[PDB]
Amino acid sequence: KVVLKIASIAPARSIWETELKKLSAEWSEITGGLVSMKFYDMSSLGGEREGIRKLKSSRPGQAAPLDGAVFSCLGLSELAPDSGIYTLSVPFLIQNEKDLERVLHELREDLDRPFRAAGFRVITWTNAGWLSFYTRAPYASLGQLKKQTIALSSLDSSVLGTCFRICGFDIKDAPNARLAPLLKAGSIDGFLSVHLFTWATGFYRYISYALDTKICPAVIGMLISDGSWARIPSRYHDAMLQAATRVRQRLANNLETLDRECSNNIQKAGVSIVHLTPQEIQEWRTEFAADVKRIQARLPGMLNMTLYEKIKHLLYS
């Protein structure tokens, strides 16, 4: 048998984990019982940077502890430096599920290129959610929002936060931060997070406004090293990758349902949904375009400008 050991950031019993287990079972079907995946909690083995180290063996001729991993942009960006994967986090570049799917479908070869060059096959792309601003107070312009002190607690908060700070937002790095007393005390003005966070933490109760225009997705990539993928007979590869694409599509479907649910529940609890008109979105994007030039200057390599232009053309032509 070929049991592929896969480190994963997917929480136990989460939709991502459920679908990845289905993918394993389907891979077993496809391969006549030969191949399966066993998943290992990423945090429990030491985090994403440790996961990267465990993809390589300690001595030549010896198998690496892991065959692959499901990484956030933290792991992806450190595995392949100057990948440009943070291009996908540019504010307002990718705003909805239809458009993210179009990018992940049409620009797959471009997205995968730096990972292939690093010695990995990208099995599937998925998404952890959509970053949005949740605030105690409203804002009359993007600049006014940028002046608010906003906590970010994503898995990749440090780098993502640095990007947003260059854009001009007063983002306060806040890993596992216990925001409730801080929101209540007024030490911070709000938070930037995916939907589930706002609901599961209960922090929605301590803010009054939620921006419905999504800032960016939080993409996730599942990678298998070339040597581990090569353990699988080639005749099965295409079917296995097609099954992994269906995982992306089912997950996006399930995530969208969960997100709308969350948003409905936040609104029922009294949070006001902030709705930007197309003219206001354009005003925001014109400013974000200037922020992109500042990111290019301040953090060369962070953005892949060829990919950026391709995404703009694909979605907005």
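Start at 1 with the first residue shown and count on from there.
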Greater mean Cα temperature factor according to the PDB record, 202 to 210 or 170 to 178: 170 to 178
Average Cα temperature factor in the PDB entry - higher stretch of 106 to 114, 154 to 162: 154 to 162
Say you rank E26, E50, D291, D67 by Cα B-factor from the PDB entry; which sits at the top? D291
I'd like to know which of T31, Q249, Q62, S272 has the highest C-alpha temperature factor in the PDB entry. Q62
In terms of the chain's CA B-factor thirds, is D238 lowest, middle or highest? lowest
If you rank the chain by CA B-factor, which third does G227 end up in: lowest, middle or highest? middle
Please place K184 in the lowest, middle or highest third of its chain according to the CA B-factor in the PDB entry. highest
CA B-factor placement of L20, once the chain's modelled residues are sorted into thirds: lowest
Is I85 in the lowest, middle or highest third of its chain when residues are ranked by C-alpha B-factor? middle
